[PDB]
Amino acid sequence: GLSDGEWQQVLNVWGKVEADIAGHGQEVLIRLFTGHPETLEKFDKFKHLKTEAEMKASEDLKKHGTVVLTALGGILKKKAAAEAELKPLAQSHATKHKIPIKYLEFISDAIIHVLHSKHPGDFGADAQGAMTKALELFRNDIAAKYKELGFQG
């Protein structure tokens, strides 16, 4: 995992990418296609390009580079936000409170029960299965962070 400052670093440098996304996207695809020409075969629009000069002149390749870095930007920003919610919890519950994963399971079961009890009409089998999985993913994500922090169980 990344630390808090490392995630902010990622976001800061993506700010610079977005300030000139056309140029960044061009240079990234050109670096890819020249360093690793076998990757060009995947692109039915680009594979005919042979030289870096041709790649720089391609309007299609510039557009795609922007598509790619836009999508990656969103992925990174939303991953960082998710980790910003999870990390503080993992940190306190591993280091100060010392809460085993099993106990997170117990509270998960309690949540599921209270939901089913209070909202039987809106928390049928499909919903209940979805929440079960969501809380399991949450526990697995916390467990991994625990391990990094030197807290096992």
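Numbers for residues come from their place in the sequence shown, where the first is 1.
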Q) For the stretches 120-128 and 97-105, which has the higher mean C-alpha B-factor as given in the deposited record? A) 120-128
Q) Comparing 34-42 with 108-116, which stretch shows the greater average C-alpha B-factor in the deposited entry? A) 34-42
(Q) Comparing recorded Cα B-factors across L29, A90, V68, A53, which one is largest? (A) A53
Q) Would the CA B-factor of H64 place it in the lowest, middle or highest third of its chain? A) lowest
